[PDB]
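Trainee: Below is model_30.pdb; it holds PDB, C-alpha atoms.
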```pdb
ATOM      1  CA  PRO A 511      80.227   4.790  42.432
ATOM      2  CA  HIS A 512      77.247   6.513  40.681
ATOM      3  CA  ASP A 513      76.429   4.562  37.436
ATOM      4  CA  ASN A 514      75.006   1.062  38.277
ATOM      5  CA  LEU A 515      73.569   1.251  41.824
ATOM      6  CA  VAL A 516      71.084  -0.986  43.710
ATOM      7  CA  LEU A 517      68.574   0.225  46.379
ATOM      8  CA  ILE A 518      67.958  -2.373  49.133
ATOM      9  CA  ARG A 519      65.275  -2.243  51.880
ATOM     10  CA  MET A 520      65.304  -4.720  54.809
ATOM     11  CA  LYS A 521      63.348  -4.988  58.087
ATOM     12  CA  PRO A 522      65.400  -6.115  61.170
ATOM     13  CA  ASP A 523      64.868  -9.518  62.863
ATOM     14  CA  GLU A 524      63.599 -10.227  66.463
ATOM     15  CA  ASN A 525      67.049  -9.383  67.995
ATOM     16  CA  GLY A 526      67.417  -6.208  65.875
ATOM     17  CA  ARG A 527      69.872  -7.797  63.421
ATOM     18  CA  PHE A 528      70.223  -7.700  59.613
ATOM     19  CA  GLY A 529      72.748 -10.529  59.084
ATOM     20  CA  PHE A 530      75.685  -8.799  57.347
ATOM     21  CA  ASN A 531      79.254  -7.609  58.112
ATOM     22  CA  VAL A 532      80.918  -4.288  57.120
ATOM     23  CA  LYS A 533      84.596  -3.351  56.549
ATOM     24  CA  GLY A 534      86.083   0.123  55.983
ATOM     25  CA  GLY A 535      85.011   3.762  56.348
ATOM     26  CA  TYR A 536      86.945   7.039  56.772
ATOM     27  CA  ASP A 537      89.121   5.956  59.779
ATOM     28  CA  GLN A 538      90.088   2.860  57.690
ATOM     29  CA  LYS A 539      91.780   3.794  54.351
ATOM     30  CA  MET A 540      89.224   1.608  52.439
ATOM     31  CA  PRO A 541      85.521   2.193  51.407
ATOM     32  CA  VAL A 542      82.533   0.529  53.195
ATOM     33  CA  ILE A 543      82.297  -3.047  51.782
ATOM     34  CA  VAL A 544      79.780  -5.799  52.721
ATOM     35  CA  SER A 545      82.333  -8.513  53.694
ATOM     36  CA  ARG A 546      79.929 -11.306  54.805
ATOM     37  CA  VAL A 547      76.199 -12.178  54.379
ATOM     38  CA  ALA A 548      74.657 -14.715  56.835
ATOM     39  CA  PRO A 549      72.096 -17.236  55.392
ATOM     40  CA  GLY A 550      68.402 -16.993  56.357
ATOM     41  CA  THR A 551      68.728 -13.390  57.613
ATOM     42  CA  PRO A 552      67.074 -10.099  56.361
ATOM     43  CA  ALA A 553      70.199  -9.292  54.209
ATOM     44  CA  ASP A 554      70.024 -12.755  52.532
ATOM     45  CA  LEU A 555      66.216 -12.860  51.906
ATOM     46  CA  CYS A 556      65.597  -9.206  50.769
ATOM     47  CA  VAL A 557      64.766  -8.227  47.127
ATOM     48  CA  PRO A 558      67.229  -7.140  45.697
ATOM     49  CA  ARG A 559      69.642  -9.314  47.746
ATOM     50  CA  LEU A 560      72.622  -7.711  49.542
ATOM     51  CA  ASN A 561      75.697  -9.528  48.161
ATOM     52  CA  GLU A 562      79.303  -9.881  49.407
ATOM     53  CA  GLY A 563      81.656  -7.285  47.900
ATOM     54  CA  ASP A 564      78.942  -4.585  47.527
ATOM     55  CA  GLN A 565      80.260  -1.034  48.157
ATOM     56  CA  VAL A 566      77.904   0.898  50.501
ATOM     57  CA  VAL A 567      77.147   4.455  49.219
ATOM     58  CA  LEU A 568      74.092   5.459  51.361
ATOM     59  CA  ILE A 569      72.723   4.326  54.786
ATOM     60  CA  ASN A 570      69.058   5.471  55.276
ATOM     61  CA  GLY A 571      69.660   8.204  52.656
ATOM     62  CA  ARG A 572      72.829   9.532  54.382
ATOM     63  CA  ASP A 573      76.215   9.816  52.566
ATOM     64  CA  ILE A 574      78.804   7.827  54.597
ATOM     65  CA  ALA A 575      81.905   8.756  52.462
ATOM     66  CA  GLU A 576      83.423  10.936  55.267
ATOM     67  CA  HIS A 577      82.259   8.757  58.195
ATOM     68  CA  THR A 578      84.275   6.372  60.337
ATOM     69  CA  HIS A 579      83.661   2.580  60.756
ATOM     70  CA  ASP A 580      82.028   3.042  64.227
ATOM     71  CA  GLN A 581      79.693   5.821  62.921
ATOM     72  CA  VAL A 582      78.697   3.670  59.848
ATOM     73  CA  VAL A 583      77.872   0.715  62.220
ATOM     74  CA  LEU A 584      75.829   3.014  64.556
ATOM     75  CA  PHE A 585      73.895   4.541  61.578
ATOM     76  CA  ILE A 586      72.743   1.010  60.496
ATOM     77  CA  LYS A 587      71.847   0.373  64.201
ATOM     78  CA  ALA A 588      69.555   3.504  64.190
ATOM     79  CA  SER A 589      67.103   2.146  61.515
ATOM     80  CA  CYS A 590      65.415  -0.307  63.962
ATOM     81  CA  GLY A 595      61.456   0.466  61.167
ATOM     82  CA  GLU A 596      63.578  -0.571  58.147
ATOM     83  CA  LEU A 597      67.168  -0.216  56.837
ATOM     84  CA  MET A 598      67.799   1.504  53.486
ATOM     85  CA  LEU A 599      71.056   0.774  51.627
ATOM     86  CA  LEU A 600      72.343   2.076  48.285
ATOM     87  CA  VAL A 601      75.157  -0.233  47.107
ATOM     88  CA  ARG A 602      77.432  -0.810  44.059
ATOM     89  CA  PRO A 603      77.523  -4.548  43.056
ATOM     90  CA  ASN A 604      80.954  -6.284  42.835
TER      91      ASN A 604
ATOM     92  CA  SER B   8      91.141  -3.918  58.944
ATOM     93  CA  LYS B   9      88.063  -3.678  61.245
ATOM     94  CA  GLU B  10      84.997  -5.914  60.619
ATOM     95  CA  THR B  11      81.649  -5.656  62.506
ATOM     96  CA  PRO B  12      78.471  -7.852  62.300
ATOM     97  CA  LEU B  13      75.047  -6.122  62.024
TER      98      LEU B  13
END
```
Here is a file; write its structure as structure tokens.

Mentor:
Amino acid sequence: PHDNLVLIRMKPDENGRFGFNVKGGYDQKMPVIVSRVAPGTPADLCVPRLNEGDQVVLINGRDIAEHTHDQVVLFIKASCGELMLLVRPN
Amino acid sequence: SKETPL
């Protein structure tokens, strides 16, 4: 992914949550995909909105192509004061 | 297939 990308910025909630699920990485033979988006959460109310099926390319400006699922999760957990995501819509 | 909420 490099042609039609979307840059998303979201501030975490009171509990330090964004309201979205991730699947894949380097340890999993599948890219990082946003599997689920919870309603009324930062991921659901941000502009542009983070949608289900979006392929994650960057997390806070870092390339996560060679990173495992656990590392990807911990990188998102280190942006809590906003989370930056570069995704490919699907 | 691992899934994690954030």

Trainee: With 8 Å added on each side, what axis-aligned box encloses every listed atom of segment 528-541 of chain A? Give the centre and edge lengths in Å to one decimal, as AutoDock Vina command-line options.

Mentor:
```
--center_x 81.0 --center_y -1.7 --center_z 55.6 --size_x 37.6 --size_y 33.6 --size_z 24.4
```

Trainee: Do you have, as a tab-separated table, the list of residues of chain A lying at most 8 Å from chain B, each with its nearest atom pair and that distance in Å to one decimal, counting only C-alpha atoms and ordered by chain then number?

Mentor:
```
residue	atom	partner	partner_atom	distance
A:527	CA	B:13	CA	5.6
A:528	CA	B:13	CA	5.6
A:529	CA	B:13	CA	5.8
A:530	CA	B:13	CA	5.4
A:531	CA	B:12	CA	4.3
A:532	CA	B:11	CA	5.6
A:533	CA	B:10	CA	4.8
A:534	CA	B:9	CA	6.8
A:538	CA	B:8	CA	7.0
A:545	CA	B:10	CA	7.9
A:579	CA	B:9	CA	7.7
A:583	CA	B:13	CA	7.4
A:586	CA	B:13	CA	7.6
A:587	CA	B:13	CA	7.6
```

Trainee: Residues near residue 601 of chain A, anyone? I mean within 6 Å using all atoms listed in the file, not counting same-chain ones fewer than 5 positions away, as a list in words.

Mentor: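 Counting all atoms listed in the file, the residues come to residues 515, 516, 564, 565, 566 and 567 of chain A.
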
Trainee: Please expand the PyMOL selection byres ((chain A and resi 588-590) around 8) into the concrete residues it hits in this file, giving the result as a list in words.

Mentor: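 Checking the PyMOL selection byres ((chain A and resi 588-590) around 8) against this file, the residues are residues 521, 522, 526, 570, 584, 585, 586, 587, 595, 596 and 597 of chain A.
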
Trainee: Report, in Å with one decimal, the straight-line distance from atom CA of residue 536 of chain A to atom CA of residue 578 of chain A.

Mentor: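 Atom CA of residue 578 of chain A lies 4.5 Å from atom CA of residue 536 of chain A.
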
Trainee: For the atom pair atom CA of residue 563 of chain A and atom CA of residue 523 of chain A, what is the interatomic distance in Å to one decimal place?

Mentor: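 The value is 22.6 Å.
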
Trainee: If you measure from atom CA of residue 568 of chain A to atom CA of residue 554 of chain A, what distance in Å do you get, rounded to one decimal?

Mentor: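 Atom CA of residue 554 of chain A lies 18.7 Å from atom CA of residue 568 of chain A.
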
Trainee: Go through A:512, A:546, A:539, A:519 one by one, measure the shortest atom-to-atom distance of each to residue 561 of chain A using all atoms listed in the file, and give the residue with the smallest value.

Mentor: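 Between A:512, A:546, A:539, A:519, the residue approaching residue 561 of chain A most closely is A:546.
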
Trainee: Place a sphere of radius 6 Å on (81.1, 6.0, 59.0) in the file coordinates and name every protein, DNA or RNA residue with an atom inside or on its surface, counting only C-alpha atoms; give the answer as a list in words.

Mentor: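 Protein and nucleic acid residues near the point are residues 535, 574, 577, 578, 579, 581 and 582 of chain A.
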
Trainee: Of the residues A:557, A:575, A:518, A:600, which is the one nearest to residue 541 of chain A, using only C-alpha atoms?

Mentor: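 Using only C-alpha atoms, residue 541 of chain A sits closest to A:575.
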
Trainee: Would you mind writing segment 540-558 of chain A with N, CA and C atoms, as a tab-separated table (two decimals), in the frame of the given file?

Mentor:
```
chain	number	residue	atom	x	y	z
A	540	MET	N	89.95	2.54	53.31
A	540	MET	CA	89.22	1.61	52.44
A	540	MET	C	87.72	1.95	52.48
A	541	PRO	N	86.97	1.89	51.35
A	541	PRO	CA	85.52	2.19	51.41
A	541	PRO	C	84.70	1.13	52.15
A	542	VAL	N	83.43	1.45	52.48
A	542	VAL	CA	82.53	0.53	53.20
A	542	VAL	C	82.09	-0.61	52.27
A	543	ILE	N	82.57	-1.83	52.56
A	543	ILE	CA	82.30	-3.05	51.78
A	543	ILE	C	81.55	-4.07	52.64
A	544	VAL	N	80.53	-4.73	52.06
A	544	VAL	CA	79.78	-5.80	52.72
A	544	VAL	C	80.67	-7.05	52.59
A	545	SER	N	81.38	-7.40	53.67
A	545	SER	CA	82.33	-8.51	53.69
A	545	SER	C	81.70	-9.90	53.82
A	546	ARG	N	80.60	-10.02	54.59
A	546	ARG	CA	79.93	-11.31	54.80
A	546	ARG	C	78.42	-11.16	54.93
A	547	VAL	N	77.67	-12.12	54.34
A	547	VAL	CA	76.20	-12.18	54.38
A	547	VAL	C	75.78	-13.54	54.95
A	548	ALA	N	75.12	-13.53	56.12
A	548	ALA	CA	74.66	-14.72	56.84
A	548	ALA	C	73.40	-15.32	56.18
A	549	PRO	N	73.29	-16.66	56.03
A	549	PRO	CA	72.10	-17.24	55.39
A	549	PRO	C	70.86	-17.25	56.29
A	550	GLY	N	69.70	-17.01	55.68
A	550	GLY	CA	68.40	-16.99	56.36
A	550	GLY	C	68.13	-15.76	57.19
A	551	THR	N	68.85	-14.66	56.90
A	551	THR	CA	68.73	-13.39	57.61
A	551	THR	C	68.12	-12.31	56.70
A	552	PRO	N	67.64	-11.15	57.24
A	552	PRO	CA	67.07	-10.10	56.36
A	552	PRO	C	67.92	-9.70	55.15
A	553	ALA	N	69.27	-9.65	55.29
A	553	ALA	CA	70.20	-9.29	54.21
A	553	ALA	C	70.29	-10.35	53.10
A	554	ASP	N	69.99	-11.61	53.44
A	554	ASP	CA	70.02	-12.76	52.53
A	554	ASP	C	68.69	-12.97	51.80
A	555	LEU	N	67.56	-12.63	52.44
A	555	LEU	CA	66.22	-12.86	51.91
A	555	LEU	C	65.53	-11.63	51.27
A	556	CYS	N	66.15	-10.44	51.35
A	556	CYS	CA	65.60	-9.21	50.77
A	556	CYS	C	65.68	-9.19	49.24
A	557	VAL	N	64.81	-8.39	48.59
A	557	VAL	CA	64.77	-8.23	47.13
A	557	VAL	C	64.95	-6.73	46.76
A	558	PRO	N	66.07	-6.33	46.13
A	558	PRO	CA	67.23	-7.14	45.70
A	558	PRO	C	68.10	-7.58	46.87
```
